[PDB]
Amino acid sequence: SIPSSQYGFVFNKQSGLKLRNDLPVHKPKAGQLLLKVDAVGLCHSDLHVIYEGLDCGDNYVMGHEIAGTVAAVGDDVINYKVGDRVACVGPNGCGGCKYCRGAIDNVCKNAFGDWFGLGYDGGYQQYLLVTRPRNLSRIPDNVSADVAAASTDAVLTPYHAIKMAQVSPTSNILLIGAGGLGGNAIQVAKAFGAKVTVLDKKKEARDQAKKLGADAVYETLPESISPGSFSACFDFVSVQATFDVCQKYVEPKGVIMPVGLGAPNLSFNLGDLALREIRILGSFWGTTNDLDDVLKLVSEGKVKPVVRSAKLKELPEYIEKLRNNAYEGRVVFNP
């Protein structure tokens, strides 16, 4: 049956993220549903929230890569039934604004500060109350919870960005960072037919980037590669040093995608951006529609997320390891 209480990690600004053993298990009201978390991923963004002032709100269960099984549905829920395996659409769009009707519910202003695991409660618990079921994607039968969870951000974000940049078979792109996101960016990009060059400061990540399909992998681009030669540069790190590499190597009218959140601000050379018409396109998570596209690509085997799983109570240990860039790929937790 479904318990009266549960354990989970709650984030509070004065105490950080804390394990709580006596959390309530909400019973879904009309239009809501209860999701039993099967897998929740750890995104590097949680590190920015907890340790670097990335402000998303206060006192909420973290964990935004959520995959679970419908455990209970409130009155009026007809689209979902207990037993349905689903993954959460991070942005948690309101569903009624011009954004949520305009194919871009990821930037819904009403939902700003109310994202799953980033403002609103997330997956670092046993039972998640979903107030808006519209923000759910059905997980295909052949896709595991662990992979589905990673798919909601580690894959979704790169997919959304790559789609936005309109990558194609004539694309010659550069990806900076081959971690959780970068690793899936490689596979998504290859699916679009692009040539992919990867940069990463960690040898292990570089080795993995190669196994995943990257056409070229380096720690530092050789002097032999020409500046202003890439059609698109996706920066999954976003510190000034990496942004500078993108601006140097992107071709005229090419695009720079600062997906990474490694700094509060970044500067660009104005004379260069203007005269060569470089485009800096912000990209955030992904849309409800994108998620459906994504789970389909994973299901069909085009994207295989590097995932490793562990018990949810081991989370603090893995956060520490992540802080030290001590592992490759993604790690997901089973509550």
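A residue's number is simply how far along the shown sequence it sits, counting from 1.
If you average the C-alpha B-factors over 137 to 145 and over 167 to 175, the higher value belongs to 137 to 145. Of the two stretches examined, 8 to 16 and 319 to 327, the record assigns the greater average C-alpha temperature factor to 8 to 16. Going by the entry's values, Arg132 shows the largest Cα B-factor out of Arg132, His160, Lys202, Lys248. Highest CA B-factor among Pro264, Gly96, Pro227, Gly182, as stated in the entry: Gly96. In the PDB entry, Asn59 places in the highest third of its chain by CA B-factor. The deposited CA B-factor of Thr288 belongs to the middle third of values across its chain.
Per the deposited record, the Cα B-factor of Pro28 falls in the highest third when ranked against the other modelled residues of its chain.
Sorting the modelled residues of the chain by their CA temperature factor places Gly271 in the lowest third. Sort the modelled residues of the chain by CA B factor and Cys108 lands in the middle third.
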